[PDB]
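[1] here's a sequence, model it:
(chains A, B, C and D)
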Amino acid sequence: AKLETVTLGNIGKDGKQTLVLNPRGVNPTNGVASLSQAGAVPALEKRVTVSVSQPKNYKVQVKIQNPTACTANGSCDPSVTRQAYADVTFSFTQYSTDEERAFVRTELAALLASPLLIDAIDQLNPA
Amino acid sequence: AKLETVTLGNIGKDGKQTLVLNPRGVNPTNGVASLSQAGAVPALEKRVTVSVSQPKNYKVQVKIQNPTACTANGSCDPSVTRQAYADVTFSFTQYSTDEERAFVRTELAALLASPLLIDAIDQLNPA
Amino acid sequence: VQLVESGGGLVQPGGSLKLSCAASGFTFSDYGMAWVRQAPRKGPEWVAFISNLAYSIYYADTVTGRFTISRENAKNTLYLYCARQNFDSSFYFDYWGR
Amino acid sequence: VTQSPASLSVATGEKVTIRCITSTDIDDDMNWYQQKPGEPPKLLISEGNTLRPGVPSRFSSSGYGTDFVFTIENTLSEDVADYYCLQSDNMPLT
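    Numbering: from 1, shown residues only, chains lettered A, B, ... in the order given. Below is the structure in question.
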């Protein structure tokens, strides 16, 4: 509810990288909360957006994107080269219970660390 | 790569529910692998599909859906009432390194168990 | 800012215990932690490093029971020495309990 | 897989060499704790050469993958206690 400084822990290929986030307000036009890493240049900030919805049927989505940049020799400022987009979209109904909603997110969260997807993302192997 | 019987562990609101999956072949029309729980009636099966792509830019998606059903009194067979859809879509580029790809999935996997999203999914509170 | 262990001392061979460990002002989020006790002959034993968010868990070679769990209700951890790592993600750790 | 040399004290006015050698891989991170016989231990200069405050500047180490040397100073003060070495790779991590 009251969004705060969410800090992750032990993430990315070795468990040796941490991450902090700071809130960056709520966009009143569409109700999308944002979180960002306190970087140096605001163009280079690992951004995480989250938005629940209202009715039809319920809808939750999380859009997370990380840019990487390299210093082009023709300029002094760094320029953004590429991103890595990702997003989840949960869709429930009016009659969804609490346990049945929690089952989905915990299944997805534990399935993202399976020996299937670590081969399907880090090396892009099909099945 | 070689997909096998993926078993999860300690998932959903208490850590007391486990889950097993069995492979159900690869659809040759679009290259979408499938996994399912060995249920009684095949209409009631918690299904998990995963598909990496090829080029443009790379694309990985995981579509997971769980149905729930109740026995209507007018019939003997159970009928499906509602689902709980979910899907992730990772998008990388040609020049994405290994570490930078793993960072995204581990950040998402550890962020799905934050004290932010457990309030944003299990009670659907906004921020 | 400290942190203190608690637990039994006369367990029967075959049974099990539940070590408790309470925090004292590092807010018990934001920070990973671990269990390591010692024999009376040698100090640094195994590690069962918990995540910050109870996501990345792993136990050491002596895994038969010995489950680590973290609950942010009374800032304690349950387990069936109690140390914690620093702010940056790493695997060294600095503060200790008795 | 780590290893430290045998127990020694020599004198109360000299340095002492402690060799942490590791046969698994190459490491940039190798930490040192000290165990006085009254309390649970306390770290020092870990991640190579950080030297977190609370410990005096007399302590030192150097090294790299598969070789680390730890040494202090001459006229080293009293109340010796044993020193332990461990690592931050390979999740059991000794």
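[2] is chain C contacted by the one helix or strand residue A:80 maps to?
    If you go by DSSP states H and E, residue A:80 is part of strand A:79-90. No - Strand A:79-90 is not in contact with chain C by CB under 8 Å from any CB of the partner chain; minimum separation 15.9 Å. Where you see a C-beta, it was placed from the backbone N, CA and C, and this is true even at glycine.
[3] then that strand to CSV, C-alphas only?
    Only the C-alpha atoms of strand A:79-90 are listed here, as CSV (Å, rounded to 0.1, in the frame of the first residue of the first chain):
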residue,chain,number,x,y,z
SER,A,79,24.3,7.6,-24.6
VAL,A,80,21.8,4.8,-24.1
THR,A,81,22.4,1.8,-26.5
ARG,A,82,19.9,-0.9,-25.5
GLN,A,83,17.4,-2.0,-22.9
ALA,A,84,16.1,-5.2,-21.5
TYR,A,85,12.3,-4.9,-21.2
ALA,A,86,10.1,-7.3,-19.2
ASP,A,87,6.6,-7.2,-17.9
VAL,A,88,4.1,-9.5,-16.1
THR,A,89,0.3,-9.2,-16.5
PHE,A,90,-1.9,-11.0,-14.0
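[4] what sits up against that strand?
    A:43-44, A:59-72, A:104-105, A:108, B:84-93, B:95-96, B:100-101, B:103-105, B:108, B:112, B:121 (CB atoms under 8 Å, 6 or more residues apart in numbering or on different chains).
[5] tell me which of the residues you listed fall in strands.
    A:60-70, B:84-90 (DSSP state E).
[6] quick one: buried ones out of the contacts of strand A:79-90?
    A:59-60, A:62-68, A:104-105, A:108, B:84-88, B:90-93, B:96, B:100-101, B:103-105, B:108, B:112, B:121 (16 or more other CB atoms under 10 Å in any protein chain shown).
[7] tell me the bridge partners for the residue nearest the centre of chain C.
    Nearest to the mean C-alpha position of chain C, by CA atoms, centre = their mean, lies residue C:35 at 3.2 Å. Judged by DSSP bridges, the bridge partners of residue C:35 are residue C:82.
[8] show me what contacts it?
    C:19, C:47, C:48, C:68, C:79, C:81, C:82, C:83.
[9] and the two most separated of the residues you listed?
    C:19 and C:47 (14.9 Å; CB to CB).
[10] how near is residue D:26 to residue D:65?
    3 Å (CB to CB, to the nearest Å).
[11] contact residues of chain C facing chain A?
    C:29-32, C:49, C:51-53, C:55-56, C:87-91.
[12] give me the secondary structure label for the closest residue to chain C within chain A.
    Nearest residue of chain A to chain C: residue A:9, at 2.7 Å (CB to the nearest CB). Counting by DSSP: H, G, I helix; E, B strand; the rest coil, the backbone at residue A:9 sits in coil.
[13] do you know how far the closest residue to it other than its chain neighbours is from residue C:78?
    Using CB to CB, 6 or more residues apart in numbering or on different chains and skipping the chain neighbours, the partner closest in space to residue A:9 is residue C:52 (2.7 Å). As judged by CB to CB, residue C:52 and residue C:78 stand 17 Å apart.
[14] the two: which is more packed in?
    For residue C:52 versus residue C:78, the count of surrounding residues by other CB atoms under 10 Å in any protein chain shown is larger for residue C:52: 25 against 13.
[15] the more buried one contacts residue C:30, correct?
    Yes - with contacts counted by CB atoms under 8 Å, residue C:52 reaches residue C:30, the gap being 6.6 Å.
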